[PDB]
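Here the structure is laid out as structure tokens; the discussion comes afterwards.
Any value given below was found using the heavy atoms of this structure, including those in side chains, with hydrogens, waters and symmetry copies removed. Counting begins at 1 with the first residue of the sequence.
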Amino acid sequence: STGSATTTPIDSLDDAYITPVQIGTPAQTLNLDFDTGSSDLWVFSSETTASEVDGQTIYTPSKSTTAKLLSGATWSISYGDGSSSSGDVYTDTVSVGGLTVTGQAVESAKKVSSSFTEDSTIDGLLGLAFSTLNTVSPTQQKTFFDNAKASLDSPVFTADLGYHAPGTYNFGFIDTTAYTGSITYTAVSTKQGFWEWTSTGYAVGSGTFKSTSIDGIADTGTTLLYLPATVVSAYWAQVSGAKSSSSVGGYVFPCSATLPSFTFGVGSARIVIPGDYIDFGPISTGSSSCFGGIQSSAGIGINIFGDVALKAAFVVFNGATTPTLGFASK
Ligand code: NA
């Protein structure tokens, strides 16, 4: 089997991407944030505290003939950005892009933090990291990909995120039309439950490539590119008037600037992030200070290849017995 679903930016900045997911019988379609940095499929629901719902589409298990309470199971998750959610668990049929999993754990939110409530466009998350990070207790649950894997034509999914445009998540096949050149594969450590890999270095604009190992995760649920402070300072030093603002919480730059590209290494290959991808617009409406898309990972404890980096590539998440990541230009 295979599945193919379009993923759409939630706003004009590509702050996140939503992908429609069918849950239950008859189908309830919710727009989920597919997150390769977490392992819970959780949704706004009929159980969510009413004051914490503001515009989201909710999953109502009582209206699904295939829903069953997973008795005793609870979940609670906290993300890198400080947001959180928790609740109880149902199993139900979940389909993405025509690919169906029966018996998927659907984590129903009883509580969500303010950032979720305030984002009316995201109805929940579908985690695509390794199932060892799943928060369900007392019986850890499998991700949608892990449940689908054995049925797929190939044990892979791919992320093809758009810049200010829709993209695609495919399951079970490589679309050889979706990228240019060849896919370069690189080793993955699953020791922290992430798609953790080591970039071979970077370049700023037309500058020389610096060969240096940068360990980090491929995380579709993180908007920005978080890299070591040395790399980040080297990037922003090429932008006149850029500075790190403690008040704003990262590097800002004059909105009048033209940003340089940023290149990262994948083995001997190179992925180029155009400068425009690094512009996250005014820090507040009408400001001439713009927020940068490349930020320091110092104090986060891991480097994160978030959407700013991943949307410059066709990314293969190879879930074979020995997982690997693939990157191609597109
Ligand atoms: Na922000």
#### Entry: Donor-acceptor pair, side chain of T8 and main chain of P166, under 3.5 angstrom
no
### Task
Locate the shortest heavy-atom distance separating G172 from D153; write the atom from each residue and the value.
O-CB, 3.5 Å
### Task
Could you tell me whether the side chain of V94 reaches within less than 4.5 Å of the side chain of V106, counting heavy atoms only?
yes
### Message
For the residue pair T66 / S64, report whether a side-chain donor-acceptor contact shorter than 3.5 Å exists.
### Response
yes
### Task
Please test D15 against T223 for side chain to side chain donor-acceptor pair (under 3.5 Å), starting from the C-alpha separation and ending with a verdict.
CA-CA 6 Å; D15 281 318; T223 315; 4.7 Å; no
### Query
Does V248 belong to the same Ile/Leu/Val/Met/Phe/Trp/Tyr cluster as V239, with side-chain heavy atoms less than 4.5 Å apart forming each link?
yes
### Query
Can you tell me if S199 uses its side chain to pair, donor with acceptor, with the backbone of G265 under 3.5 Å?
yes
### Query
Roughly how far apart are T143 OG1 and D35 CG, rounded to 0.5 Å?
11.5 Å
### Worked verdict on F116 versus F44 for side-chain contact (heavy atoms from CB on, under 4.5 Å)
CA-CA 9 Å; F116 291 115; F44 279 79; 4.0 Å; yes
### Query
Distance only, no hydrogens: is a donor on one side chain within 3.5 Å (strictly under) of an acceptor on the other, for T168 and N170?
no
### Query
So, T117 side chain and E52 main chain: donor-acceptor pair closer than 3.5 Å or not?
yes
### Query
Is it true that a side-chain atom of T36 and a backbone atom of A218 form a donor plus acceptor pair closer than 3.5 Å?
yes
### Query
Going by atom types only, do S76 and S86 share a side-chain donor-acceptor pair under 3.5 Å?
no
### Message
Is a donor from one side chain sitting under 3.5 angstrom from an acceptor on the other, for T198 and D215?
### Response
yes
### Message
With a 4.5 Å cut-off on side-chain heavy atoms, are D54 and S120 touching?
### Response
no
### Query
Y17 and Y169: aromatic ring centres closer than 6.0 Å?
no
### Message
Suppose we call two aromatic rings close when their centres sit under 6.0 Å apart. Are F305 and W197 close by that rule?
### Response
yes
### Query
Any side-chain heavy atom of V101 within less than 4.5 Å of one from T93?
no
### Criterion ring pair (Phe, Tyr, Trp, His ring centres under 6.0 Å) against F317, the qualifying member of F130, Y185, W195
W195
### Message
Working to the nearest 0.5 angstrom, can you tell me the gap between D119 CG and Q56 CD?
### Response
7.0 Å
### Query
Under 4.5 Å between any side-chain heavy atoms of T57 and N31, yes or no?
no
### Query
Are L133 and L32 connected in the hydrophobic side-chain network, where two residues link if heavy atoms are under 4.5 Å apart?
yes
### Side-chain donor/acceptor of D219 to backbone N/O of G37, under 3.5 Å
yes
### Summary
Between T7 and the options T220, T19, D160, the side chain to side chain donor-acceptor pair (under 3.5 Å) test singles out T19
### Task
Determine whether more than 12 heavy atoms belonging to other residues, nucleotides or ligands lie under 6.0 Å from atom NZ of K330.
yes
### Task
With sequence neighbours left out, write down each residue that passes side chain to side chain contact (heavy atoms under 4.5 Å, CB included) with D279, or none if nothing qualifies.
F253, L259, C290
### Query
Same cluster or not: are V232 and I302 linked, directly or through other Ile, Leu, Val, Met, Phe, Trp or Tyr residues, by side-chain heavy atoms under 4.5 angstrom apart?
yes
### Message
Are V112 and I58 connected into the same hydrophobic cluster when the rule is that any two of I, L, V, M, F, W, Y join if their side-chain heavy atoms are below 4.5 Å apart?
### Response
yes
### Task
Using the side-chain contact (heavy atoms from CB on, under 4.5 Å) rule, take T132 and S39 through it: C-alpha gap first, then chi angles, then the decisive distance, then the call.
CA-CA 8 Å; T132 58; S39 303; over 6 Å; no
### Task
Answer whether the closest heavy-atom distance between the side chains of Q104 and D92 falls below 4.5 Å.
no
### Task
Can you run down the ring pair (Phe, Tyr, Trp, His ring centres under 6.0 Å) pairs that involve residues 272-298, sequence neighbours left out, and say none if there aren't any?
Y163-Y277
#### Entry: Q22 side chain to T29 side chain, donor-acceptor N/O pair below 3.5 angstrom
yes
### Query
Does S12 offer a backbone N or O that forms a donor-acceptor pair with the side chain of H164 under 3.5 Å?
yes
### Query
Honestly, is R270 close enough over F264, meaning NZ or CZ under 6.0 Å from the six-membered ring centre and within 45° of the axis?
no
### Query
Run the side-chain contact (heavy atoms from CB on, under 4.5 Å) check on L224 and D307 step by step: do they pass?
CA-CA 6 Å; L224 307 188; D307 298 334; over 6 Å; no
### Task
Could you tell me the separation between the CG atom of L152 and the CG atom of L99, rounded to the nearest 0.5 Å?
5.5 Å
### Task
Flag the pair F144 / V96 as yes when at least one side-chain heavy-atom distance between them is below 4.5 Å, and no otherwise.
yes
### Message
Treating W42 as the side-chain partner and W75 as the backbone partner, does any N or O pair qualify as donor plus acceptor under 3.5 Å?
### Response
no
#### Entry: Distance-minimising heavy-atom pair for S297 and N303
OG-OD1, 2.6 Å
### From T121 atom OG1 to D33 atom CG, the distance as rounded to the nearest 0.5 Å
8.5 Å
### Query
Side chains of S189 and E196: do they bring a donor and an acceptor to under 3.5 Å?
no
### Message
Could you go through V43 and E107, starting from their C-alpha distance and side-chain angles, then the distance that decides it, and tell me whether this counts as side-chain contact (heavy atoms from CB on, under 4.5 Å)?
### Response
CA-CA 6 Å; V43 294; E107 300 173 33; over 6 Å; no
### Task
Could you tell me which non-hydrogen atom of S38 sits nearest to which non-hydrogen atom of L125, and how far apart they are?
OG-CD2, 4.2 Å
### Task
Would you indicate whether the side-chain heavy atoms of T74 and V136 approach each other to under 4.5 Å?
no
### Task
Could you tell me which non-hydrogen atom of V204 sits nearest to which non-hydrogen atom of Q238, and how far apart they are?
CG1-CG, 3.7 Å
### Message
Distance alone, cut at 3.5 Å: any donor-acceptor contact between the side chains of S245 and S247?
### Response
yes
#### Entry: Polar side-chain atom of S45 near backbone of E47 as donor-acceptor pair, under 3.5 Å
yes
### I214-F209 co-clustered via ILVMFWY side chain contacts under 4.5 Å
no
### Query
Going from OG on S329 to CZ on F314, what distance comes out if it is rounded to the nearest 0.5 angstrom?
12.0 Å
### Query
How close do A16 and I122 get, heavy atom to heavy atom, and via which atoms?
CB-CD1, 4.0 Å
### Query
Are any of the side-chain heavy atoms of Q141 and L70 separated by less than 4.5 Å?
yes
### Query
What distance separates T177 OG1 from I174 CD1, expressed to the nearest 0.5 Å?
11.5 Å
### Query
Quick one: does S287's side chain have a donor or acceptor within less than 3.5 Å of a partner on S289's backbone?
yes
### Query
How far apart are the closest heavy atoms of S244 and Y251, and which atoms are they?
N-CD2, 3.7 Å
